[PDB]
């Protein structure tokens, strides 16, 4: 009865909850090219709602 | 009315809580309790399975008949005398117990920590009077063999071959209406916002129904393996899994050990994670210092209790203790159940989190407790993510039809189960390459290792979500899934090269 | 007459129970006990292995010599005086033991639940008079360091470099003839109807013989690894594994924890399954309410013991308790041993099944006990069927010559082992592809997982034959075997095609 | 002078033990203790991670700030009154503590086994006088909330939003200079002859430093997973992991359960191995009999203790007990660390062996203890050999670049990690075929299975180096490594044939 | 010294101990074609000798 | 810092420490051709120093 949100997106969402949309956070789950993926709060809060 | 029973129960039972009597409440509770519609009987797959011999004690309302021998017509005193020889320790455990010593309870003085028992005795007499089982000024003299096993406060003789029953939850609830109603109230309080689980579930009120509505349970031929499942799922039917027959000691049900036989193992290792935490180890170290006879509400003051225990955390709600254990449930053990993780930030989950915080802050500051529960929620989701990645790979092979033996040797599971990818069935039934190895590896990754990582987190056992359970084993699953995926690709490649040459 | 020692032991010993004196019974027993043909010494593979330093303690009768220093010549009093310093706890533990306090025992009153010890003291004294170690008129003053470690009731000095021994079972049986005889009678009572196991096995009487008669133990180069096995297998030689030196407490030996160091682990998880059962959970919760000092015959009455324990189930036989633990044995742990499953319905098993019913019905009704024991038998057979299906596959591969490296890299096991399929040796020795992975998998499916399944069934731990041990892990083995089977077929079919084309 | 502190600690601090006052000793210890160059702060990889909410409790000196609410100013009594409602059990525990009842200790008589505590109280006071926290004629009144959480012996108001601290080791060591000094001295005693581990490691003094200087812990993105590692590595920062807040009972820190939350699990199963040995099972059976309140030095006399415990074995050194647990370490849990095995026969190891032998001879003869310690050393090397053989195989594959996905799907680990074979990071991070399955398997063989084998041997649990852990699991890993390797060689030959065919 | 009997046969035997030889029971072990295998009692009764 | 010496050579050293250089001892770890490998103490005391 809820839209599925992957666990990485939930985590990014929660990481951003106290934050401005232009703040950039580290992913809690993803590593690419030898570095933790950074995520922009605005882009993720957009993906959830 | 019953002061610790929820409004949503009175509502569901069409009762008005300002006017209902014990008799009325009991009768309404039982009417729901015995209705197949509401989960009694053999359930929807009743035609697929038959009871085994032990099934008469697991579900006595569906299966129990007394034995054909002895033929004995017996009075109260006879039960005790004959069983002093036939089942001697049952009699002795009974003699030692509160049920056989009610005048001791009558005589408890108000400076005794156990004083609340007199109030509970008087409440029980009130219930029975309302029910016409006891004279209004008649004291309950004892709860004896004949009372539980034939009829409460029985005056005359019983026929062994016809009148003997196994006492089920409605039988205990005749006297213990409060605890029975509290328990039954789980059907009404455990309602998910998006139907993540069926209403009333997970709960002790529906444990038996849950078990018999499990396809593989109904479908598998190995009945004796299946009945192991049933032995952890009988709370709905009988009240003695925590405080056991025939002492029925409340002190015993308060000890973490009382929950351990069911709440342990590969897919919910609460006993292991709790006992290994500092909480559990302090309970082990101080068990002999605490007074386990005091009620939960008095555990931390009169009981001298200084570390939490399964009952203290799970029976507590907003400052009171009840047999309803469902009201703070958020994650429900299995983090990958659809809608569970998405629900974690809802107002509904926040509300339950606040009730949790209130539990912890009996000892910790709120800032500390909220720091930890934040770690629990995000660590759970970190585990969920790692599994979700591994599952994408395997699920891809499935839809490709490329799992080992998927199209050559994958027989269907037993009826009424329907074939599918990484279903619960494949943990209790396998044949040929159903399931495939990767497929089983990924199911277990979620069912076992992710669920254990969550339980490690919730019960504050660091090794139980990092090295030893949860992350460590999930890492190996991931690694092995990746390895075999690649091995399987390079062999596919090589097979391709060969029918080219042909 | 030792009336708790079976006829078949006096027969085996060529004694008349009416006439034999304690001295004659002790000497006959000790003659058999110390005889190489009957299991003493290095056994039939003694040419393959040498003792290590710890071996002098594991098998003193073969290997012990006293140390070269201290050069000392000591009276009874000097042992205590010097060791107070040198091994202080041994003195402390001994000083607080019954051995050190025989007057306490002589003073027991007959209404004390411990009065029986006073009969046992006098029985010891009677034995010693018959052996000529005590005067007709002399009481046994104490059981001190010098008594056990040099000679019973020694009167003069001992030379520390020459006269000191490790007390073996025969040393204890000098005084404790009854218990020694009961334990030795396992040799005569444990006889299978069709040689399922060697006569007198499994038992504590022949545990060490069984160890040194195991090929891989004798053959493997890692002696310190092999000696871990020896550590679980020393009952034959020494009596202090359940009631340990130097307190020698009968109360300790009644506690489930006394059995757990040996009867635990991947191939017989008795401690684990029992402690997680309601039974063993209750024993944890009530250990402080039970009087462990009363004899097993009295545990349920005078001890207030209300849940069963290892010693109370396995030492009881037809209403009596003895150190013979073999008489009710039916499955003997490993359900795949040839002839065991098919003997499960014989008259012989059914009489043993009746003896078990007697045990359970001290507490449960007969109908309940038999319902459960029926589930244990059938659940074990269901386990067995499942492994049997798996072994068909892997066994076919071995005979077909198709295991991995079977033809190219399967070196032979160390002498005197012979090459075989799925043999006990492959659990303690591996080299190249001896064994192959699939072979070890299926060997482990039977030796470990099917065995734990059965232990879980027998000890009433539902998760220990369903999810966590037993069915779950066997399900995984079967699935991986089938999976590896199908893969290996696809690969040999693929290299048929590369062959065709060449 | 502090009689239990090693010369090398005074040397390291450039202090004269004959001369230094408590104040000076404290101040030198704290200067080192708080210095980044000596392990304090975020460590060398501090740029790669940020704290989560719970870290303010894990590393208070680096992260802790008081809460913004409540905005209140309080004196000593107000801490107790308000918290009596806001964190009620902390107030109840504290009231039960020695800390809150110093006059009791003061009134101890010299026939009381706890009498030593009054000497300790006077030592604390003298320490505080030297620091001028206490008048030279003032008695310490209590140790209350304000003392630990604000300032020792604080006479006036505290601002809740400014003056509240989490008590760290240096806070405790304000009064308990001896314990804190003995603890900090691990930095100076645990020095390896060939730098097998970094100076001062492993130890409780540097456990946090060790946690944060681990590449994967700094590099991985799953912060909540990584912080379960931090939970087991906080001793350096806070003194309440063995004797927990708010009771701070030394009796508690003496029980084996104190150590279990940390010293357990898949790569160091000391809890599991100890509890299952005879030593542990006796300690379980006998716990009710010992007086755990007596100091360790009196455990075996005044305490009644007759089986060994973690604290009694590991705090003991040459017949004395201190908080330094490093002085006898030889193997340090991981037998594969370069130089550890090679060092086992060194003079340095042999003096440390002699120290162990002394410990064991509290009870066993020297001969017995030396016999068993030889078996531990040699059994350890035999597991090490088995591992070394399996590693040669997979390690070859790595050099040949033939591991699955090695050249095709092996992404690099997160910064600041460097790609390599079988590195610790691959236990906590994985992506694609980094690591490969064989790689992880040989890694876990050493990390998990060889370490557990050594733990089992060191802790006298035979099943834990034979069947159940150590050898059996290593056996399986070896068998599956050989098996995969052969299959891979066969598939490599089959591929060679298919190029050649084209 | 005992003639080997498989566990599936021991079980079918067990369930057929007290039946007519034309009575039919479910297997405790076998699933074929999406269904637990049915056993005619006379047949496995005959398999034991 | 220390010259690495394999675990089986450490065992063989330990099994020879007290031996004459010409004495033979069993391996603690090696089986070849169905038999425990034998080692000459001179060969091993040599390898270590």
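Lettered A, B, C, D, E and F in written order, each chain numbered from 1.
Note that contacts are C-beta pairs under 8 Å (C-beta built on N, C-alpha and C of every residue); 3 or more make two chains touch, one makes a residue touch a chain.
Per UniProt, the chains are B, C, D = Hydroxylamine oxidoreductase.
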Pair joined by more contacting C-beta pairs (A-D or C-D): C-D
Rounded Å distance, subunit D centre to subunit E centre (Cα mean): 59
Distance from the mean Cα position of subunit E to that of subunit C, given in whole angstrom: 36
Multi-chain contact residues (two or more partners), subunit E: 28-29
Contacts with two or more other chains, residues of subunit D listed in rising order: 222-224, 288, 378, 382, 429, 491, 494, 498, 501
All pairs of touching chains, each written as two labels joined by a dash: A-B, A-D, B-C, B-D, B-E, C-D, C-E, C-F, D-F
Complex contacts: residues of subunit F adjacent to subunit C: 26-37
Interface residues, subunit D side, partner subunit F - complex: 194-196, 338-339, 341-345, 377-378, 381-382, 384-388
Subunit C-touching residues of subunit E, taken from the complex the two chains share: 1-8, 10-11, 13-14, 28-29
Subunit D-touching residues of subunit C, taken from the complex the two chains share: 52-54, 56-57, 67, 86-90, 92-93, 222-225, 227-229, 231-232, 244, 247, 252, 255, 257-258, 260-261, 264-267, 271, 288, 404-405, 408-409, 426-430, 432-433, 435-437, 440, 444, 491, 494-495, 498, 501-502
Subunit A partner contacts - residues on subunit D that touch it in the complex: 221-224, 411-415, 429, 431
